[PDB]
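Enquirer: Mind looking over this structure? Questions follow.
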Amino acid sequence: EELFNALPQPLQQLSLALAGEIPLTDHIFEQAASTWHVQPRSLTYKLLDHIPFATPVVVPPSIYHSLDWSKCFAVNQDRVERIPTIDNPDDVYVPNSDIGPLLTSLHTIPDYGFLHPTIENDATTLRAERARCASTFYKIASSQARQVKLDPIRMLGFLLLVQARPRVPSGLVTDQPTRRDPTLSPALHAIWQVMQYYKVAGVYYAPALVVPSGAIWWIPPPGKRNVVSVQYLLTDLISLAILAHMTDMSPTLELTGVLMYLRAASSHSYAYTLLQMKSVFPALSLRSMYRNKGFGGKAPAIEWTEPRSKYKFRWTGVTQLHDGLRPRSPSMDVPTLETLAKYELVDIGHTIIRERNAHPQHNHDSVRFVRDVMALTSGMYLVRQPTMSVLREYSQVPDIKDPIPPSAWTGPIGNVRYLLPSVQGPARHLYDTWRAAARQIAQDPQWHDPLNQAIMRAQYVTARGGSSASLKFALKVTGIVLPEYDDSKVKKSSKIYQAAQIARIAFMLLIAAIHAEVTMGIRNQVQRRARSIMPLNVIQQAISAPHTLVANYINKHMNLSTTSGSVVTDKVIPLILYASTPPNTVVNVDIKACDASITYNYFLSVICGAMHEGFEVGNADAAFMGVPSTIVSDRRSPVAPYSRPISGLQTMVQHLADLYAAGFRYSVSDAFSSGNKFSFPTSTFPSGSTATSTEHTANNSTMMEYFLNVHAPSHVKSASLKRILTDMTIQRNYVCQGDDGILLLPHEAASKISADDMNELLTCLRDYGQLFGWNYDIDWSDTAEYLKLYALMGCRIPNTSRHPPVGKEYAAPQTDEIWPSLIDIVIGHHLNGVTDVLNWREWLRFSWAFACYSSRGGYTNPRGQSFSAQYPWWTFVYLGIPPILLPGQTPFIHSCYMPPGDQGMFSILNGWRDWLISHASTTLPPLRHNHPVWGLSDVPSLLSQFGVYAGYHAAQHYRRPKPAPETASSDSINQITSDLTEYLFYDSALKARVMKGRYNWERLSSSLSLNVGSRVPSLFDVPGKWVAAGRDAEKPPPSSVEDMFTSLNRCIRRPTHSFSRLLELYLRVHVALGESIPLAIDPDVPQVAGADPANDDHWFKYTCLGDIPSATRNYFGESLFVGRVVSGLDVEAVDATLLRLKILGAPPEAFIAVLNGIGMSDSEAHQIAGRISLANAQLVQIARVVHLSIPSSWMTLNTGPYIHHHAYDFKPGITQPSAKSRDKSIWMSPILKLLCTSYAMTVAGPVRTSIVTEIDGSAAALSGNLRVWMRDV
Amino acid sequence: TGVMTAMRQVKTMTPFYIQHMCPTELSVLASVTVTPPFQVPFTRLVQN
Amino acid sequence: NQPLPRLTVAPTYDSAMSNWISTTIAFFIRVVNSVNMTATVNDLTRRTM
Amino acid sequence: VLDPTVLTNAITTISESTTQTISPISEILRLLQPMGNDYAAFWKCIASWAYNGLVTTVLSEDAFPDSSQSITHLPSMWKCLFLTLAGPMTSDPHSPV
Amino acid sequence: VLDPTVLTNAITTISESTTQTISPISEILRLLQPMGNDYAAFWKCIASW
Amino acid sequence: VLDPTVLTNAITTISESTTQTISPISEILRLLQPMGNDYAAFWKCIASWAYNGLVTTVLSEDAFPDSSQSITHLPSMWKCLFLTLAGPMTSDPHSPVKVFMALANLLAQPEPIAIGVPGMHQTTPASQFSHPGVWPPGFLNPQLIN
Amino acid sequence: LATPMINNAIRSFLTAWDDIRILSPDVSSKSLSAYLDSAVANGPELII
Amino acid sequence: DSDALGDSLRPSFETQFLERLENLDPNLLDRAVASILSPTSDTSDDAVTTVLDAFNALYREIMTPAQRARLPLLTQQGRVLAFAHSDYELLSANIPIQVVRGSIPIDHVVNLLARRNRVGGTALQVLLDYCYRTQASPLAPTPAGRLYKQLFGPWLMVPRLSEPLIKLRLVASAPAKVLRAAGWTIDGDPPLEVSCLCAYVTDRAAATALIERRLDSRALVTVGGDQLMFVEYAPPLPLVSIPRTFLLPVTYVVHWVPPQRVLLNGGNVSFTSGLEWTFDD
């Protein structure tokens, strides 16, 4: 095309690669990456002008008609700068005004400009109503432009680079030339129509150019203005132009989306208008599909596994659809078109409904219509003021329609009161569930165990990054010397700086004076560069310890989360698919603002009274975690008040009632508004704290249980619905996690329920939360939504708008990163386009374009003015992205489900190996010696020519600057580390375990004589793990970055042209693929939306394997052989330590030395070591000792039976008998079967039966050589 | 023999289902489908 | 029960506990070596139980 | 005066009302649910005795457990328990049957 | 309610040595799960009588 | 003084060929070890003997083997050993009929008997025999079992 | 070359899906709506 | 005062509570006076629960947003003693203030009958008595005399103290550059200071160990466009932070230490400054 002609010649040379015409050598990857950086970014929009094209979209000139920002911002109490709401009381986001007068010119680039420094100077010195008002708007408006990964200026550049040349047709017959043209896309046309305003000489100035410090805005010419809505409009169009070519969207559906963004840019406060229509497109398609007459298709017949608490699921065939299976629920059409009439977008509604009625049945084409319209929702991360993010949404107090009377409480027992039995509303079932769950902890002897107490203190440090240092406030009652620890360079956050100083002072001399106003929010100073964040003090989390534990007991028997890395893809996804099936219709119960719905006015007074009566069981004279027993003042009896001894477990509830009733002191110290700073209480829990938000899960199942059994079977007026509500049970019909959860209807009258009966149910359920202030976000759209994931007739609907192609959440005004951390954002950006299925070739074409810009880095040092790096092309191959073309074969045969690592590099060097031996037997001299896996052909010289070894070591090399102070100098290192060691080692019994562990292991390191100085995860790695997890967020010095930078170029250019000693041993194994395995599902049934036969690669994998993970003998390791660890030690690193020693034939003292290292008792270390075995272990868990693992891209598949009994260690008629793993097939076959699947999932097309053909050595030679490797590790 | 004897010893409701529940179930559902059951006498192993 | 001893004690098998414990194991050595477990469980892993 | 707190103190002690215990108890927690119009169903059932033959206070349709549930289902037998006690209160002559 | 966890677990919990060329445990699952993934074919037989 | 290393060292020093698929050494130490101490529950089981009028310690229903697995299923059998050993410790009056039934459940295919009133079959999962009327006649008189 | 071999497995993919076609043959939902939902829908008008 | 914040609005909160109850029902008010003042209380699900939700709809409409406007009067002065009718408005309107839950050993329910000539009469005084009681969070009411021993306790020392005490105060000094930005006619090159909080010592030498060191708390001073002027501390200062030989008042308002040095106020500009205890003469 003429678009390809307009590209630069090195940039043309990479579009030939992305099309698949030529292999992508490293020289094309270097020159074109250098072409991106030296190019002015404004030249990218000139390339959009080089396409002559037309489509019916007109960008109005009414976008540029702006408001005045100073009319939109003012000052209120405590001298805070904020946005007064103009129209509606949630008008809080960025107003669309000119950034023009607020910016000065920039010294380096005269065309752009940052903030005028007179406004920057005085607003930190003198708090004005103009300058402080200006810097609030500027830093917020720059932040919403900063919400991208890199510039959308370049993200449009990769998309035009992919669309320059069409992809070449591979020999796989399921590919198609794409139906989409760039000429027909109104997304690209609206960007060109906007950019006609932004040129003065045909140069196309971008309105912003987001430097990694922050966005820098374009200066306006005289007569024209630069409003802030355009850069946000451009980002949303580029976010839509990328996805629509990846979702293969119709051009009549982009225009449906584009006209909403142009309407919101025409309106004022663009992000607020875009927020009010955040649920239009799912309501027009996903929430309402099949309400018409003609309905049919095929649906999965998923059955609940009849032991109900197991939460297991099995795909048990197909279900042909009919008009009794279409949703009885009313359509969401009438409430949605009224919302579109508020913004004059009623033609957007009638466009979808005309196209939705073209899909009467449930097919592959129908679910693609759902995800195409769900791609039209903007996934733009809205940023308001972090002051105003808390001043409104963390300020809403609930409305209790039925408050508890004061006569319903007993006399006080210290601070707390008990609930009288005379009141029997839903508060009683709240009071009686939290009481009996509190009884099962004073009985439970899991505590007063030194390892269990060490896990809980590890749980507060590791899980969240912490907020403040209120021990500077907690010197008010106890004289502390207060070490500032500037002689240790460590960050002063709540992770390390608090808990190390806690090891000196006991809790009882501290818990009486914990109540602080700068409890949380900012690092012990009222102005910094950080945002006000959620977690609180570690000793006020320690006084909140029983409230976590009683909430854990409620969620134990109901919510078997099992604390696994695969719990969304094992439990949530099949429940999503078991819901929305034509047998059962569901009510996806959501509880909005649940964190701001738990107060001491109703909830926290009941549970603290329930825990205190619940902890009355057991010993009243018993300490707990260092809090002793104490005297309470009983006032229940009016005639006999007295002093009672209460336990330490009841002592914590006395201080917790004082802390919950005073509230939670959020202190806002954001760096966005110029110096607004105030701490204030709230009744709002922290949001992301999973150890605290499990209390919301503890109330979600509990309050639904009183609804389904007592409240609604008595309150509802429908006599027919009382028959349904009789046998509903939350152990069968309700699943919760967090605030949201699925309600299930009983299988007898599930799909045959009247919608008039369901509307009377949900009216009573919405009125049921009015007794608590719980605003239920009930939906009745006959679709599933458990944790922000969707379904339609048992087809998973990947929300493409949830993971944006351009967007990225930044809670900081800066990115706070050195350059090569962008590469780890690339791989996460790639796999989100693989999980949420897209056009897998075009997404892989887009990924190599997007990764090519992330290959060069330039550092600015005042000492050294020049730094330039270059990762090779093969770096991204090791990290997970499959290559589009190898030299010597056809393109787009490597699947996106390829593993990363050595496991992925094995897969490419297997099918491409036959070319590598033949192409190196010619054109290269043979080896002087002999090589085991390639013979006399000089393949590792040829692999050195393509830079295979270059990108291999460049990917394995680290990409984050290590800190500069070490222990070899005269630095005082162990000031804060050894005090944190004293925090973890409180009891002398647990210290006697770990000193026994390292003494026995270092005795058995040399006596057993296999390793020396090898890393074994002891508990002394955990202060090394914690303190190094504090300096990773600290900005590194330029001495550390350049040392990290120079180590990159030394790692790339070094002559080590060998792989690791596992991949050198993997390449002996030659696997080969026979016919395709017989089918798991019927491919007429859509498993995941987007996996049609057009998107062929994702279509076979969900058809050959299936998306319901079959719980087998293996079940991909939900068990991890150590049920509880100190948080900081990876159990992945523990099973890869014990099972090696089981293979190596270690004495049982070697196991006990490892288990005493992690803190297990001597009674426990024997009892784990005999329990672990090589046969009782699982086939995935055996392969993890050789660093082979299931990738994240396989987690949504049913890899269970395929690794079990389709992958061959030994297919007896086909293979050669040199690969007989005799007496080693207990542990070599999990390696051999998983290397079979490592290559089966790499080849495109259907999943073939994989067979080990031969090993170049013996299989005994490989079992010997991995045994040499397992001794070295 | 270990696999095959284990399959005998599986506790499954489908033998109980086939003569207790589903002849009641198939009787009731034959009165509610739009076409009555067109039935022919089944034969246990008789030639003619 | 029996009254409390005042000399040095040692684990003895004359108890009703040891009567109960030894006869369960004497019963489940019979169940493991029965005919039903013989047809399914392998003979070498039956010796292990 | 009609105050259930003498019963409610006597019945909340011996009850459990925990998530593994709601499925037997839940019928009599509906008994303890204090939402009521000062117990108008009682005094309306007395007043129908004087105007018997012009209005009879029959037992409701939702009073009766369905005649397919067995007696082993525990909320269904409390639902029969609350019916036998409220049997002779009604002026329905077919109430003994 | 048909649950393939029942019949698969009874098969996979029988002891075979991992020295054998053909394991009939891991073999009949290739006759058990594939092409038998549609278990509603059972219900098409009950309606066919 | 409890010290579970002895019974661990007594079991892990029995000999087993590692070539098998199922390890009776390893699949029972899975069913043996609590993660915490969890050994005061023995002392609560003793302390309930002074209080058998108020409370009767019941065998934990999640520790019964299910009515799905056979006697060939290996961890289901070692549960029935652990029930039969811990039978006389728990003070529930229906402890031995639960001990007797948990094996009679587990071999309902090879060895059938007659179970009391109807509605309670041999594959009833051994926890619903908590009433004296549903003790089987063979348990009262073993002569009734052939 | 793997490119015909990847084009050979698509034959074994379709003939397994042509195998599942002959086992459970698809039938139109216009008939399924007729044999289930047209019974509750339409009948003759007797009373007039 | 607690009653004064309901009097802050141009229609009084008790006058709207007349107008809110009268428009709905006169009969439920005739039996809510008998159920609140009952010796034993029934469920009363017709009388009082129609009053309370009408109270809370009236309360959430005006009182919680007005309390947010009353945030600088209740925490931002030098030292205040706010009074509240309940635990709600100190927490629901999210104002930074320590709440203590008081109970004096006088039966307050007969004081509302003992007082007369109110705007709603003695009948309205007992309905919204019960409204604030249900509104208050259920927690142990500590004896309020234990609060008054901190406040008014050591002010009973000074009649039996034979020595006439001296005066101390805090300093949050302000530069002239921030006090000439929006316009203030201020004579002088040394920085203008302000008295954040005063305290009294019975001698001079017991403060000499403390007048030397500065205090480790940042104090931002909001100066209004009018004569009003408000002080806030970046780090809240623990009451226990002052030594045991300080007599600080019950409540204290902020004033410039020279009033005569300030002229031509003309706008509201705040500033941040440290704290140093000093001698006031």
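For the structure tokens, the naming scheme is as follows: chains receive sequential letters (A, B, ...) according to their order of presentation, residues are indexed from 1 within each chain, and ligands are indexed from 1 in presentation order.
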Should the cut-off be 8 Å, what would the residue list for chain F against chain C look like, counting only C-alpha atoms, as a ChimeraX atom specification?
Expert: /F:14-16,20,23-25,71-72,81,84-85,110
Enquirer: Quick one: residues within 9 Å of range 22-24 of chain D, only C-alpha atoms counted, chain neighbours fewer than 2 positions away excluded, as a ChimeraX atom specification?
Expert: /A:705-706,709-710,727,729 /D:16-20,26-29,73-75,78
Enquirer: Within 9 Å of chain A, which residues of chain E show up when using only C-alpha atoms, listed as a ChimeraX atom specification?
Expert: /E:1-5,8-9,12-13,18-22,26-27,29-30,33-41
Enquirer: If we count only C-alpha atoms, which residues of chain H reach to within 12 Å of chain D? Please list them as a PyMOL selection string.
Expert: chain H and resi 40-46
Enquirer: If you keep C-alpha atoms, can you produce a file of those selected residues as a compact mmCIF listing (two decimals), in the first residue's frame?
Expert:
```
# COMPACT_ATOMS: atom_id res chain seq x y z
CA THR H 40 -41.13 -0.92 79.87
CA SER H 41 -40.82 -0.52 76.11
CA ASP H 42 -42.60 -2.61 73.49
CA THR H 43 -41.48 -2.98 69.88
CA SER H 44 -43.46 0.24 69.12
CA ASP H 45 -43.25 -0.39 65.38
CA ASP H 46 -45.95 2.18 64.57
```
Enquirer: Considering only C-alpha atoms, return as an MDAnalysis selection string whatever protein or nucleic-acid residues lie within 12 Å of residue 118 in chain F, sequence-local ones (same chain, fewer than 4 positions apart) excluded.
Expert: chainID F and resid 114 122 124 133:136
Enquirer: For the interface of chain F with chain E (cut-off 6 Å, counting only C-alpha atoms), please tabulate each contacting residue of chain F alongside its nearest pair of atoms and their separation in Å to one decimal, rows sorted by chain and increasing number, as a tab-separated table.
Expert:
```
residue	atom	partner	partner_atom	distance
F:19	CA	E:17	CA	5.1
F:20	CA	E:17	CA	4.0
F:21	CA	E:15	CA	5.5
F:22	CA	E:15	CA	5.4
F:73	CA	E:13	CA	5.7
```
Enquirer: Next, write the just-selected residues to a file, as a JSON list (two decimals), in the first residue's frame, keeping N, CA and C atoms as the atom set.
Expert:
```
[["chain", "number", "residue", "atom", "x", "y", "z"],
["F", 19, "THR", "N", 8.49, -48.34, 43.10],
["F", 19, "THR", "CA", 8.00, -48.37, 41.73],
["F", 19, "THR", "C", 6.49, -48.38, 41.63],
["F", 20, "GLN", "N", 5.77, -48.58, 42.74],
["F", 20, "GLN", "CA", 4.32, -48.59, 42.71],
["F", 20, "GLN", "C", 3.76, -47.20, 42.45],
["F", 21, "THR", "N", 2.49, -47.16, 42.06],
["F", 21, "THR", "CA", 1.81, -45.89, 41.86],
["F", 21, "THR", "C", 1.30, -45.34, 43.19],
["F", 22, "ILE", "N", 0.85, -46.23, 44.07],
["F", 22, "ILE", "CA", 0.23, -45.86, 45.33],
["F", 22, "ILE", "C", 1.14, -46.28, 46.47],
["F", 73, "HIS", "N", -10.10, -48.31, 47.63],
["F", 73, "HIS", "CA", -9.60, -46.95, 47.78],
["F", 73, "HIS", "C", -8.85, -46.85, 49.09]]
```
Enquirer: Find the residues near residue 264 in chain H: any atom within 9 Å, counting only C-alpha atoms, skip ones fewer than 4 places away on the same chain, and give them as a PyMOL selection string.
Expert: chain H and resi 183-186
Enquirer: Do you have, as a tab-separated table, the list of residues of chain B lying at most 12 Å from chain G, each with its nearest atom pair and that distance in Å to one decimal, counting only C-alpha atoms and ordered by chain then number?
Expert:
```
residue	atom	partner	partner_atom	distance
B:29	CA	G:36	CA	11.7
B:32	CA	G:39	CA	9.1
B:33	CA	G:36	CA	7.0
B:34	CA	G:35	CA	6.0
B:35	CA	G:35	CA	7.7
B:36	CA	G:35	CA	11.2
```
Enquirer: Export N, CA, C and O atoms of the chosen residues as a PDB file, in the first residue's frame?
Expert:
```pdb
ATOM      1  N   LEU B  29     -43.785 -37.840  32.282  1.00  0.00           N
ATOM      2  CA  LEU B  29     -43.402 -37.014  31.144  1.00  0.00           C
ATOM      3  C   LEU B  29     -44.021 -37.484  29.840  1.00  0.00           C
ATOM      4  O   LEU B  29     -44.071 -36.709  28.884  1.00  0.00           O
ATOM      5  N   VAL B  32     -47.107 -35.401  29.177  1.00  0.00           N
ATOM      6  CA  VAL B  32     -46.937 -33.967  28.998  1.00  0.00           C
ATOM      7  C   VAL B  32     -46.252 -33.606  27.682  1.00  0.00           C
ATOM      8  O   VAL B  32     -46.380 -32.458  27.227  1.00  0.00           O
ATOM      9  N   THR B  33     -45.567 -34.536  27.019  1.00  0.00           N
ATOM     10  CA  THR B  33     -45.017 -34.229  25.709  1.00  0.00           C
ATOM     11  C   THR B  33     -46.125 -34.152  24.667  1.00  0.00           C
ATOM     12  O   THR B  33     -47.209 -34.719  24.827  1.00  0.00           O
ATOM     13  N   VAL B  34     -45.837 -33.432  23.582  1.00  0.00           N
ATOM     14  CA  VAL B  34     -46.857 -33.177  22.578  1.00  0.00           C
ATOM     15  C   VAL B  34     -47.118 -34.419  21.734  1.00  0.00           C
ATOM     16  O   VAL B  34     -48.192 -34.545  21.135  1.00  0.00           O
ATOM     17  N   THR B  35     -46.187 -35.367  21.702  1.00  0.00           N
ATOM     18  CA  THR B  35     -46.443 -36.619  21.022  1.00  0.00           C
ATOM     19  C   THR B  35     -46.444 -37.748  22.034  1.00  0.00           C
ATOM     20  O   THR B  35     -45.508 -37.847  22.837  1.00  0.00           O
ATOM     21  N   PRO B  36     -47.477 -38.583  22.051  1.00  0.00           N
ATOM     22  CA  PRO B  36     -47.509 -39.721  22.966  1.00  0.00           C
ATOM     23  C   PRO B  36     -46.438 -40.735  22.610  1.00  0.00           C
ATOM     24  O   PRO B  36     -45.972 -40.773  21.463  1.00  0.00           O
TER      25      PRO B  36
END
```
